[PDB]
Amino acid sequence: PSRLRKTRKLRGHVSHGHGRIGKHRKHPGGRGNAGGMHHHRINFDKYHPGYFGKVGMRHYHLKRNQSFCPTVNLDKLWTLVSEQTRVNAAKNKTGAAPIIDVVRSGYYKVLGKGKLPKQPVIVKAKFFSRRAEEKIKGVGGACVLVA
Amino acid sequence: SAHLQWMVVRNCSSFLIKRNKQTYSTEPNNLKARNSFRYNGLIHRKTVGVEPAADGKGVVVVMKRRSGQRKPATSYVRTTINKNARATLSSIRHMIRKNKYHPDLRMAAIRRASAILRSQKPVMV
Amino acid sequence: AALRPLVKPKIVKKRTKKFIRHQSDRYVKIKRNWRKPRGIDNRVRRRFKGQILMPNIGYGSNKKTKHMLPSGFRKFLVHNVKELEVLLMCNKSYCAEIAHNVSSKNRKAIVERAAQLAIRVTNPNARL
Amino acid sequence: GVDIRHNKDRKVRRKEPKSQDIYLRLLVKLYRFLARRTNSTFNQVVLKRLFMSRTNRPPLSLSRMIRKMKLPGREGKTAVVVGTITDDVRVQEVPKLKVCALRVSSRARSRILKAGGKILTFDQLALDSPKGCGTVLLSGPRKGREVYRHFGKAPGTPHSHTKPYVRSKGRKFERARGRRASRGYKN
Amino acid sequence: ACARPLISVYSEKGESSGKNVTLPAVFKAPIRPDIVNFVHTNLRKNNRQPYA
Amino acid sequence: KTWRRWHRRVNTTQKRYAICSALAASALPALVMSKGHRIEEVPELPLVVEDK
Amino acid sequence: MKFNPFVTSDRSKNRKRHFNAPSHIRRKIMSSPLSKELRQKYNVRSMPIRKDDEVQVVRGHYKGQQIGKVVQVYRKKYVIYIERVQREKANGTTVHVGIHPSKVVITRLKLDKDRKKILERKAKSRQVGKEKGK
Amino acid sequence: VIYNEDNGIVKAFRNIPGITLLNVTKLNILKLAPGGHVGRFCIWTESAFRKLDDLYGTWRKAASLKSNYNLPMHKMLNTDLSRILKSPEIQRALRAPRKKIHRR
RNA sequence: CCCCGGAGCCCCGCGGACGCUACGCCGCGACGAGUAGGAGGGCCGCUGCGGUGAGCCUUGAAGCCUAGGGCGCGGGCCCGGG
RNA sequence: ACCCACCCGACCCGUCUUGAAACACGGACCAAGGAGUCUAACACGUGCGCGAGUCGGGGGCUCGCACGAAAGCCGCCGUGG
RNA sequence: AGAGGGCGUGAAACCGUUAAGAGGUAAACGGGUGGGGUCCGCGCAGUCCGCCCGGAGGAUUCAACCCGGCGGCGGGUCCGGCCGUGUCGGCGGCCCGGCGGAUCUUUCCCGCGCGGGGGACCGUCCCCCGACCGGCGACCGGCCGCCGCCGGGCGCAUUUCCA
Ligand SMILES: [Mg+2]
Ligand SMILES: [Mg+2]
Ligand SMILES: [Mg+2]
Ligand SMILES: [Mg+2]
Ligand SMILES: [Mg+2]
Ligand SMILES: [Mg+2]
Ligand SMILES: [Mg+2]
Ligand SMILES: [Mg+2]
Ligand SMILES: [Mg+2]
Ligand SMILES: [Mg+2]
Ligand SMILES: [Mg+2]
Ligand SMILES: [Mg+2]
Ligand SMILES: [Mg+2]
Ligand SMILES: [Mg+2]
Ligand SMILES: [Mg+2]
Ligand SMILES: [Mg+2]
Ligand SMILES: [Mg+2]
Ligand SMILES: [Mg+2]
Ligand SMILES: [Mg+2]
Ligand SMILES: [Mg+2]
Ligand SMILES: [Mg+2]
Ligand SMILES: [Mg+2]
């Protein structure tokens, strides 16, 4: 809507909201990101630290297929499995201990953030965190690897 | 309900009329013709309307029935008063008074009724 | 006799002349419609002595007498006969105004219907 | 001539909601009347928080609602939130609740109605308690948005923990001169 | 759930017969003309041919 | 230019919400007369007719 | 409405196809309705007009009940010249005032074999259409 | 006019000026609310008025023809605020007004 | 030691506008300069589109002129004559 | 509101400027055209829907396209952001 | 042709003529007035009326009050029935209902350890009478109170119109 833009309220105003002394010239300070080390140095220091320089090694043919490792926490662990599986828990005089296949749900590594409810599980994942394994063995579960 | 459809109707109704600083409303059963929440007959559960008769003599009074919503054919009932005009004002006053039928429209309907009474006579020489 | 309004206040007006535009006396392309001076050195803009005056908010008429005719009514532009019953409950304070594009065939019907409904028309004797 | 500094003569607070939504305007009308008639401050706070914007009424989470309502003393109490009630999937048990809100999501609504609680609206809350008795007025995390992580003290500055506006994070987009002691200076 | 009345089914000449269907909750869905105007004026731009 | 952003896509839930509000205000004859439809002899405003 | 996407239905394009039509299409555009007796006798709604057809003038300043023979059909200006539909100039000479054939009804046709087979084809098409509508 | 199946209703309400035909599963916002104004006079059929419940459902039932869609919820249920404010449960707690106009 | 379908009152806890487009109406108090600039309201103006006015019109549309009647602080607008 | 008469005031508009009526610049007069737009990336604020989810991109199924190159839908309702 | 072969309407700048006014501080402008003109609104007095009441002139009917019919509002012990929500009862529909499940069973069947259809289980949507709380504006049929309309009895101290 050009009906509601600013160029309608500036009809009659001479400098069109861009100043009388210093006019709206074409490119007063260069085009784009001009002047990195010079005359924009204070801006590039107090608003973009680390912008200049080399750091770290170079991995030439990188692909995300090798480094794809999606992570799930123990705080959201019963969310991947339907609710009647944990309704039918702490019953049957057995220690039922359901299996939560994490790779089936779409994650590889199980991390150890959050509180886990007191129910034994069999967590099948490709990778585990040590804190996650400590929480699972403290509840009374079992960490099973899978490839 | 009523306030909901008033919030809808209050600015984008077909009977609304701006043009030179007064906002009126031209629907039937809107006596005093205001675009107000008191004077709107389409929305409310109880509705008093005052109109001139089709024959030219008398005043028809329109009462909303309450017996059915979603049914505009049987939503209103029309009566015709053609009497000696004091009984007309008294009859419409008793309609809006004794039936407890929304007494805010009472004196304004008396105004519109007696203005139609002065309308249905020879006006000049 | 004519149609009298409900109340007849004394309409006071703070200024009855037109705010003409600067140098419209000098130039023909400069119309009489007001444009605010926006120059760095303008006599009218910085309000020197004895010039044209700028329209401020202080010239505002009273809210009881704003948009009021000298007869005591307020205009309402009316196109047809169905728009005359709009002013049926407002005839003591508002008056009908027949539009320019309305033909002379139904203008007589509008005038006689407003005469029946006791509504003042500011231009009944126009076309005939 | 009088020397009033006219910079702060106009208070910039909200008088009406900027939205044009008619249900919210009817709730605004009802709490306008309750604010300028009832002597309670609950209706004024509810009206002031119905005035606010969507980024100014934050979504309140179900586990924080359970946390703030299992405080001692507030048994038989209702929880009035002037924003939205969102479900947390990482809470297991949920007690009986009495939640008043503008909008509750479908999963949180199903969880409360399965636990056996009651979910009222604001007109039902005004019919239940017009002065606001038996209420606890809650609000979600105001600084919880990602937009507040970029505010405050500027980056490229010592003792500052501000996230800079980076189009894509990684190794070579930052963490160089300005962040390394080896490349000139760090902060 | 809100109240749902019982709407009759008319024949080919008026004269409502004995068939009566309960009113859906679609007719009791809430009214927001700001959303209706938003969706209308944004879907109305889609059958609009370019000019240059 | 031809590459102006001519077209607007709305959320599917917003389009369904607006069409449910339109179906809900297809009832309520105070909203139908304020649209401008002459209604004065319509026997029932959710006008449901036969399958013939 | 029209559903065929090959039919024009455009303002300037239909005005172009009207005012730049060739002569055999101008003959079909300049068709005139028949009288009620001829419609009852032939079951033909309208026909293109010929050099020597008999014409009553239906609308215009020259409206009347006089059956006038066509002088000649002038298809450039989309007009016809009739015998008694004329007018005196300043110099006393009479010039036939043209009438558009849409304001023209035929009372008698000038029948030849081509017109007979055209009317038989149109009556057969009306019979097929009435049988399809029946 | 809202039709369910095509058996001649689209051919019938076709040259009558003003009538827009809509299928039940193919309802159009631009024809159910033309010009942005929400109300519209609609003529339903029996197999359309019964199929609306199979399109959108009630609040306690899914759409049953769509995959994942429930009906929306009201921000406020009882919108009759006149009845709400004249109910005794609020006016018992309301105070006395101050409507004496104290002029200068 | 009685009810106000009426004690009859400067107040009617019995329903409760003439005053209520609640985005409305009303009552006090203070203030009112302005370039560059910023924000808000336009029932100020142009063009085209979706709705709407059972809108206007050869018994005269748009445009144009006006020593006429006016309204709005103003942008401009409504009539009268040709 | 048209013209004339009197009293007081009253230097020609825009711009560069600390300063313009300037012996600073542009400018006979009038009619029409005429200068902050469009795409993308963002940032903040606001309006709406859903909510630890959200979005359907792209594609496919329905109507032969008057209205349409619209709309509706998807074990693709999530490959992917 | 007040459309006359570059002709639809025909503005401004500019020019001619007529009428009016003025003229030695270039012309022009703002504020305040005064005078002269072109038109507008009255007016052979415009005192404009809108109510209530009193009096002298007229007058058709009806109101006051009853009878018959129709329509409407409000409602009780909730009168009887549908309808409708919150709980309880038959877990009754569950097979004389579909769907979904990362709950079991290959005690089963079919196409060859798999897929579908069966069998239980859970969640989501329904049937019958009875009670309570809000009978809830989602509807009727009787009963009572009130209001309006039509046709008669209502002859004139009542009733209403012109001056
Ligand atoms: Mg400025
Ligand atoms: Mg400049
Ligand atoms: Mg600027
Ligand atoms: Mg600059
Ligand atoms: Mg200066
Ligand atoms: Mg200041
Ligand atoms: Mg300030
Ligand atoms: Mg310079
Ligand atoms: Mg400067
Ligand atoms: Mg200098
Ligand atoms: Mg200067
Ligand atoms: Mg000098
Ligand atoms: Mg220079
Ligand atoms: Mg020069
Ligand atoms: Mg121009
Ligand atoms: Mg920025
Ligand atoms: Mg935002
Ligand atoms: Mg990315
Ligand atoms: Mg001409
Ligand atoms: Mg032409
Ligand atoms: Mg022409
Ligand atoms: Mg010419």
# chains A, B, ... in the order shown; residues from 1 in each chain; ligands from 1

$ residues_around --residues "stretch 43-51 of chain G" --least-positions-apart "3" --cutoff "8 Å" --atoms "only C-alpha atoms (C1' of nucleotides)" --output "number ranges by chain"
G: 27-34, 38-40, 70-73, 101, 110, 119, 122-123, 126

$ write_last_selection --atoms "N, CA, C and O atoms" --output "PDB file, in the first residue's frame"
ATOM      1  N   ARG G  27     -22.581  -9.348 -45.771  1.00  0.00           N
ATOM      2  CA  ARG G  27     -23.887  -9.837 -46.212  1.00  0.00           C
ATOM      3  C   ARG G  27     -24.636 -10.535 -45.082  1.00  0.00           C
ATOM      4  O   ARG G  27     -25.865 -10.431 -44.987  1.00  0.00           O
ATOM      5  N   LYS G  28     -23.917 -11.249 -44.216  1.00  0.00           N
ATOM      6  CA  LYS G  28     -24.568 -11.939 -43.109  1.00  0.00           C
ATOM      7  C   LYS G  28     -24.855 -10.994 -41.950  1.00  0.00           C
ATOM      8  O   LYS G  28     -25.837 -11.182 -41.224  1.00  0.00           O
ATOM      9  N   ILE G  29     -24.000  -9.987 -41.756  1.00  0.00           N
ATOM     10  CA  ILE G  29     -24.243  -8.982 -40.723  1.00  0.00           C
ATOM     11  C   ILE G  29     -25.463  -8.139 -41.079  1.00  0.00           C
ATOM     12  O   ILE G  29     -26.306  -7.847 -40.220  1.00  0.00           O
ATOM     13  N   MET G  30     -25.613  -7.790 -42.354  1.00  0.00           N
ATOM     14  CA  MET G  30     -26.740  -6.978 -42.810  1.00  0.00           C
ATOM     15  C   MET G  30     -27.953  -7.850 -43.137  1.00  0.00           C
ATOM     16  O   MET G  30     -28.436  -7.903 -44.266  1.00  0.00           O
ATOM     17  N   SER G  31     -28.448  -8.538 -42.115  1.00  0.00           N
ATOM     18  CA  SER G  31     -29.661  -9.329 -42.224  1.00  0.00           C
ATOM     19  C   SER G  31     -30.791  -8.639 -41.475  1.00  0.00           C
ATOM     20  O   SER G  31     -30.562  -7.901 -40.514  1.00  0.00           O
ATOM     21  N   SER G  32     -32.014  -8.877 -41.934  1.00  0.00           N
ATOM     22  CA  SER G  32     -33.196  -8.208 -41.423  1.00  0.00           C
ATOM     23  C   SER G  32     -34.281  -9.227 -41.111  1.00  0.00           C
ATOM     24  O   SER G  32     -34.373 -10.261 -41.779  1.00  0.00           O
ATOM     25  N   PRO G  33     -35.106  -8.973 -40.094  1.00  0.00           N
ATOM     26  CA  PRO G  33     -36.176  -9.916 -39.761  1.00  0.00           C
ATOM     27  C   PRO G  33     -37.302  -9.880 -40.781  1.00  0.00           C
ATOM     28  O   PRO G  33     -37.457  -8.938 -41.559  1.00  0.00           O
ATOM     29  N   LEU G  34     -38.095 -10.941 -40.759  1.00  0.00           N
ATOM     30  CA  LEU G  34     -39.218 -11.113 -41.664  1.00  0.00           C
ATOM     31  C   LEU G  34     -40.513 -10.741 -40.951  1.00  0.00           C
ATOM     32  O   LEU G  34     -40.573 -10.675 -39.720  1.00  0.00           O
ATOM     33  N   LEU G  38     -44.650 -14.084 -43.129  1.00  0.00           N
ATOM     34  CA  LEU G  38     -43.535 -14.824 -43.709  1.00  0.00           C
ATOM     35  C   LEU G  38     -42.901 -15.777 -42.702  1.00  0.00           C
ATOM     36  O   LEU G  38     -42.467 -16.870 -43.082  1.00  0.00           O
ATOM     37  N   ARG G  39     -42.854 -15.391 -41.423  1.00  0.00           N
ATOM     38  CA  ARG G  39     -42.331 -16.282 -40.391  1.00  0.00           C
ATOM     39  C   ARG G  39     -43.248 -17.477 -40.175  1.00  0.00           C
ATOM     40  O   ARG G  39     -42.770 -18.602 -39.991  1.00  0.00           O
ATOM     41  N   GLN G  40     -44.565 -17.260 -40.211  1.00  0.00           N
ATOM     42  CA  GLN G  40     -45.500 -18.374 -40.107  1.00  0.00           C
ATOM     43  C   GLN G  40     -45.448 -19.268 -41.342  1.00  0.00           C
ATOM     44  O   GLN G  40     -45.622 -20.487 -41.231  1.00  0.00           O
ATOM     45  N   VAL G  70     -36.443  -2.087 -52.079  1.00  0.00           N
ATOM     46  CA  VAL G  70     -35.055  -1.662 -51.948  1.00  0.00           C
ATOM     47  C   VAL G  70     -34.556  -1.158 -53.294  1.00  0.00           C
ATOM     48  O   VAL G  70     -34.719  -1.828 -54.320  1.00  0.00           O
ATOM     49  N   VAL G  71     -33.992   0.052 -53.310  1.00  0.00           N
ATOM     50  CA  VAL G  71     -33.216   0.466 -54.474  1.00  0.00           C
ATOM     51  C   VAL G  71     -31.951  -0.371 -54.566  1.00  0.00           C
ATOM     52  O   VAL G  71     -31.788  -1.162 -55.501  1.00  0.00           O
ATOM     53  N   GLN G  72     -31.079  -0.270 -53.561  1.00  0.00           N
ATOM     54  CA  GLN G  72     -29.829  -1.026 -53.620  1.00  0.00           C
ATOM     55  C   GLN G  72     -29.220  -1.168 -52.233  1.00  0.00           C
ATOM     56  O   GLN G  72     -29.387  -0.306 -51.372  1.00  0.00           O
ATOM     57  N   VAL G  73     -28.484  -2.256 -52.042  1.00  0.00           N
ATOM     58  CA  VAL G  73     -27.877  -2.595 -50.761  1.00  0.00           C
ATOM     59  C   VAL G  73     -26.419  -2.155 -50.801  1.00  0.00           C
ATOM     60  O   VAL G  73     -25.614  -2.703 -51.561  1.00  0.00           O
ATOM     61  N   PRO G 101     -30.222  -2.016 -41.937  1.00  0.00           N
ATOM     62  CA  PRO G 101     -31.161  -3.144 -42.085  1.00  0.00           C
ATOM     63  C   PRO G 101     -31.664  -3.742 -40.778  1.00  0.00           C
ATOM     64  O   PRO G 101     -32.573  -4.579 -40.824  1.00  0.00           O
ATOM     65  N   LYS G 110     -37.871 -11.789 -52.778  1.00  0.00           N
ATOM     66  CA  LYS G 110     -37.676 -11.994 -54.214  1.00  0.00           C
ATOM     67  C   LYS G 110     -37.039 -13.371 -54.367  1.00  0.00           C
ATOM     68  O   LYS G 110     -35.830 -13.542 -54.202  1.00  0.00           O
ATOM     69  N   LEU G 119     -33.735 -20.939 -47.545  1.00  0.00           N
ATOM     70  CA  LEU G 119     -34.881 -21.034 -46.640  1.00  0.00           C
ATOM     71  C   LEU G 119     -35.236 -22.479 -46.304  1.00  0.00           C
ATOM     72  O   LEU G 119     -35.650 -22.756 -45.172  1.00  0.00           O
ATOM     73  N   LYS G 122     -32.632 -23.488 -43.679  1.00  0.00           N
ATOM     74  CA  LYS G 122     -32.916 -22.888 -42.377  1.00  0.00           C
ATOM     75  C   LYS G 122     -34.152 -23.504 -41.731  1.00  0.00           C
ATOM     76  O   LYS G 122     -34.189 -23.685 -40.508  1.00  0.00           O
ATOM     77  N   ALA G 123     -35.164 -23.857 -42.532  1.00  0.00           N
ATOM     78  CA  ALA G 123     -36.338 -24.532 -41.986  1.00  0.00           C
ATOM     79  C   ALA G 123     -35.997 -25.940 -41.513  1.00  0.00           C
ATOM     80  O   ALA G 123     -36.529 -26.402 -40.496  1.00  0.00           O
ATOM     81  N   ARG G 126     -34.237 -25.458 -38.193  1.00  0.00           N
ATOM     82  CA  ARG G 126     -35.237 -25.181 -37.162  1.00  0.00           C
ATOM     83  C   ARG G 126     -36.006 -26.438 -36.775  1.00  0.00           C
ATOM     84  O   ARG G 126     -36.344 -26.626 -35.601  1.00  0.00           O
TER      85      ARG G 126
END

$ interface_residues --of "chain E" --to "chain H" --cutoff "7 Å" --atoms "only C-alpha atoms" --output "list in words"
residues 1, 9, 24, 25, 26, 30, 33, 36, 37 and 40 of chain E

$ write_last_selection --atoms "N, CA and C atoms" --output "short mmCIF file (atom, residue, chain, number, x, y, z; two decimals), in the first residue's frame"
data_model
loop_
_atom_site.label_atom_id
_atom_site.label_comp_id
_atom_site.auth_asym_id
_atom_site.auth_seq_id
_atom_site.Cartn_x
_atom_site.Cartn_y
_atom_site.Cartn_z
N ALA E 1 -18.84 -27.07 23.47
CA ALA E 1 -19.92 -27.19 22.50
C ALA E 1 -21.03 -26.18 22.79
N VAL E 9 -35.96 -28.88 6.26
CA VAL E 9 -35.63 -29.00 4.85
C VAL E 9 -36.89 -28.73 4.03
N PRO E 24 -25.06 -27.49 11.93
CA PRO E 24 -23.66 -27.77 12.27
C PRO E 24 -23.06 -26.68 13.15
N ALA E 25 -21.90 -27.00 13.71
CA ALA E 25 -21.12 -26.04 14.49
C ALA E 25 -20.31 -25.10 13.61
N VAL E 26 -20.29 -25.34 12.30
CA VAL E 26 -19.67 -24.42 11.35
C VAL E 26 -20.40 -23.08 11.37
N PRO E 30 -16.72 -18.80 15.33
CA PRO E 30 -16.65 -17.36 15.65
C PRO E 30 -16.43 -16.48 14.43
N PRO E 33 -14.17 -10.42 11.24
CA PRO E 33 -14.11 -9.75 9.93
C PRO E 33 -12.74 -9.21 9.58
N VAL E 36 -11.31 -12.20 7.94
CA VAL E 36 -12.01 -12.38 6.66
C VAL E 36 -11.53 -11.37 5.62
N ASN E 37 -11.33 -10.12 6.04
CA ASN E 37 -10.86 -9.08 5.13
C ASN E 37 -9.40 -9.31 4.74
N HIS E 40 -9.38 -12.31 2.35
CA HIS E 40 -10.02 -11.91 1.11
C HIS E 40 -9.10 -11.04 0.26
#

$ residues_near_ligand --ligand "ligand 12" --cutoff "12 Å" --atoms "only C-alpha atoms (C1' of nucleotides) and all ligand atoms" --output "PDB file with C-alpha atoms (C1' of nucleotides), in the first residue's frame"
ATOM      1  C1'   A J  20      19.338  37.216   1.316  1.00  0.00           C
ATOM      2  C1'   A J  21      15.059  41.987  -0.503  1.00  0.00           C
ATOM      3  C1'   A J  22      20.037  41.703  -2.211  1.00  0.00           C
ATOM      4  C1'   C J  23      24.853  44.880  -6.730  1.00  0.00           C
ATOM      5  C1'   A J  24      24.430  35.875  -4.952  1.00  0.00           C
TER       6        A J  24
END

$ residues_near_ligand --ligand "ligand 22" --cutoff "9 Å" --atoms "only C-alpha atoms (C1' of nucleotides) and all ligand atoms" --output "PDB file with N, CA and C atoms (P, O5', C5', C4', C3', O3' and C1' of nucleotides), in the first residue's frame"
ATOM      1  P     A K   3     -22.864  24.725 -31.401  1.00  0.00           P
ATOM      2  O5'   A K   3     -22.437  24.437 -32.908  1.00  0.00           O
ATOM      3  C5'   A K   3     -21.092  24.605 -33.334  1.00  0.00           C
ATOM      4  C4'   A K   3     -20.530  23.332 -33.920  1.00  0.00           C
ATOM      5  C3'   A K   3     -20.225  23.358 -35.409  1.00  0.00           C
ATOM      6  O3'   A K   3     -18.991  23.983 -35.709  1.00  0.00           O
ATOM      7  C1'   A K   3     -21.385  21.369 -34.876  1.00  0.00           C
ATOM      8  P     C K   7     -10.075  22.937 -36.499  1.00  0.00           P
ATOM      9  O5'   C K   7     -11.665  22.884 -36.543  1.00  0.00           O
ATOM     10  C5'   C K   7     -12.378  21.810 -35.952  1.00  0.00           C
ATOM     11  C4'   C K   7     -13.855  21.925 -36.231  1.00  0.00           C
ATOM     12  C3'   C K   7     -14.743  20.825 -35.668  1.00  0.00           C
ATOM     13  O3'   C K   7     -15.075  21.026 -34.303  1.00  0.00           O
ATOM     14  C1'   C K   7     -15.334  21.280 -37.925  1.00  0.00           C
ATOM     15  P     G K   8     -14.437  20.111 -33.145  1.00  0.00           P
ATOM     16  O5'   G K   8     -15.386  18.833 -33.062  1.00  0.00           O
ATOM     17  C5'   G K   8     -16.796  18.947 -33.193  1.00  0.00           C
ATOM     18  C4'   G K   8     -17.528  18.238 -32.080  1.00  0.00           C
ATOM     19  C3'   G K   8     -17.573  18.963 -30.749  1.00  0.00           C
ATOM     20  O3'   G K   8     -18.576  19.965 -30.712  1.00  0.00           O
ATOM     21  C1'   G K   8     -17.005  16.692 -30.392  1.00  0.00           C
ATOM     22  P     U K   9     -18.256  21.422 -30.115  1.00  0.00           P
ATOM     23  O5'   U K   9     -17.898  21.140 -28.591  1.00  0.00           O
ATOM     24  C5'   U K   9     -18.904  20.758 -27.666  1.00  0.00           C
ATOM     25  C4'   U K   9     -18.407  20.871 -26.250  1.00  0.00           C
ATOM     26  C3'   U K   9     -17.652  22.148 -25.930  1.00  0.00           C
ATOM     27  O3'   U K   9     -18.513  23.226 -25.603  1.00  0.00           O
ATOM     28  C1'   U K   9     -16.437  20.287 -25.127  1.00  0.00           C
ATOM     29  P     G K  10     -18.416  24.618 -26.398  1.00  0.00           P
ATOM     30  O5'   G K  10     -16.954  25.155 -26.071  1.00  0.00           O
ATOM     31  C5'   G K  10     -16.550  25.407 -24.729  1.00  0.00           C
ATOM     32  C4'   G K  10     -15.062  25.246 -24.561  1.00  0.00           C
ATOM     33  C3'   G K  10     -14.243  26.462 -25.002  1.00  0.00           C
ATOM     34  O3'   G K  10     -13.213  26.768 -24.067  1.00  0.00           O
ATOM     35  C1'   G K  10     -13.486  24.514 -26.128  1.00  0.00           C
TER      36        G K  10
END

$ closest_residue --among "J:25, J:80, J:54, J:33" --to "ligand 18" --atoms "only C-alpha atoms (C1' of nucleotides) and all ligand atoms"
J:80

$ residues_near_ligand --ligand "ligand 8" --cutoff "12 Å" --atoms "only C-alpha atoms (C1' of nucleotides) and all ligand atoms" --output "list in words"
residues 20, 21, 22 and 23 of chain A; 15, 16 and 17 of chain J

$ residues_around --residues "residue J:74" --least-positions-apart "6" --cutoff "9 Å" --atoms "only C-alpha atoms (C1' of nucleotides)" --output "list in words"
residues 67 of chain H; 60 and 61 of chain J

$ write_last_selection --atoms "C-alpha atoms (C1' of nucleotides)" --output "PDB file, in the first residue's frame"
ATOM      1  CA  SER H  67      -6.163 -34.815   7.682  1.00  0.00           C
TER       2      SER H  67
ATOM      3  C1'   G J  60       0.348 -34.438  -7.663  1.00  0.00           C
ATOM      4  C1'   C J  61      -5.325 -35.247  -7.503  1.00  0.00           C
TER       5        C J  61
END

$ atom_distance --atom1 "atom CA of residue G:19" --atom2 "atom CA of residue G:94"
28.6 Å

$ closest_atom_pairs --of "chain F" --to "chain H" --cutoff "6 Å" --atoms "only C-alpha atoms" --output "Markdown table"
| residue | atom | partner | partner_atom | distance |
| --- | --- | --- | --- | --- |
| F:19 | CA | H:29 | CA | 5.7 |
| F:22 | CA | H:38 | CA | 5.4 |
| F:25 | CA | H:39 | CA | 5.0 |
| F:26 | CA | H:40 | CA | 5.2 |
| F:31 | CA | H:39 | CA | 5.4 |
| F:32 | CA | H:39 | CA | 5.2 |
| F:35 | CA | H:39 | CA | 5.9 |
| F:47 | CA | H:43 | CA | 5.3 |
| F:48 | CA | H:44 | CA | 4.8 |
| F:49 | CA | H:45 | CA | 4.9 |
| F:50 | CA | H:46 | CA | 5.7 |
| F:51 | CA | H:46 | CA | 5.9 |

$ residues_around --residues "stretch 68-80 of chain B" --least-positions-apart "6" --cutoff "6 Å" --atoms "only C-alpha atoms (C1' of nucleotides)" --output "PyMOL selection string"
(chain B and resi 59-62) or (chain F and resi 40-45)

$ write_last_selection --atoms "N, CA, C and O atoms" --output "mmCIF file, in the first residue's frame"
data_model
loop_
_atom_site.group_PDB
_atom_site.id
_atom_site.type_symbol
_atom_site.label_atom_id
_atom_site.label_comp_id
_atom_site.auth_asym_id
_atom_site.auth_seq_id
_atom_site.Cartn_x
_atom_site.Cartn_y
_atom_site.Cartn_z
ATOM 1 N N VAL B 59 -51.157 4.093 10.587
ATOM 2 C CA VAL B 59 -49.763 3.812 10.913
ATOM 3 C C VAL B 59 -49.631 2.331 11.227
ATOM 4 O O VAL B 59 -50.378 1.802 12.057
ATOM 5 N N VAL B 60 -48.697 1.656 10.560
ATOM 6 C CA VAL B 60 -48.415 0.265 10.884
ATOM 7 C C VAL B 60 -47.273 0.205 11.893
ATOM 8 O O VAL B 60 -46.294 0.963 11.825
ATOM 9 N N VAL B 61 -47.444 -0.672 12.876
ATOM 10 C CA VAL B 61 -46.477 -0.905 13.941
ATOM 11 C C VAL B 61 -45.973 -2.332 13.795
ATOM 12 O O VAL B 61 -46.771 -3.272 13.690
ATOM 13 N N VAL B 62 -44.652 -2.486 13.772
ATOM 14 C CA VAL B 62 -43.995 -3.763 13.536
ATOM 15 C C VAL B 62 -43.350 -4.204 14.842
ATOM 16 O O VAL B 62 -42.578 -3.451 15.449
ATOM 17 N N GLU F 40 -37.269 -10.479 2.924
ATOM 18 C CA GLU F 40 -38.500 -10.233 3.679
ATOM 19 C C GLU F 40 -39.522 -11.361 3.593
ATOM 20 O O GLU F 40 -40.453 -11.396 4.405
ATOM 21 N N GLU F 41 -39.379 -12.284 2.643
ATOM 22 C CA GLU F 41 -40.301 -13.406 2.526
ATOM 23 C C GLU F 41 -39.585 -14.751 2.607
ATOM 24 O O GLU F 41 -40.206 -15.791 2.371
ATOM 25 N N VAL F 42 -38.301 -14.750 2.947
ATOM 26 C CA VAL F 42 -37.544 -16.003 3.058
ATOM 27 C C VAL F 42 -37.992 -16.749 4.309
ATOM 28 O O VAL F 42 -37.904 -16.196 5.418
ATOM 29 N N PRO F 43 -38.472 -17.993 4.187
ATOM 30 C CA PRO F 43 -39.091 -18.656 5.348
ATOM 31 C C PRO F 43 -38.105 -19.067 6.429
ATOM 32 O O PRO F 43 -38.444 -18.980 7.616
ATOM 33 N N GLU F 44 -36.902 -19.506 6.068
ATOM 34 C CA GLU F 44 -35.877 -19.830 7.051
ATOM 35 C C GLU F 44 -34.521 -19.591 6.409
ATOM 36 O O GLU F 44 -34.268 -20.076 5.302
ATOM 37 N N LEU F 45 -33.659 -18.849 7.101
ATOM 38 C CA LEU F 45 -32.465 -18.293 6.470
ATOM 39 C C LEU F 45 -31.367 -19.333 6.224
ATOM 40 O O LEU F 45 -30.674 -19.223 5.205
#
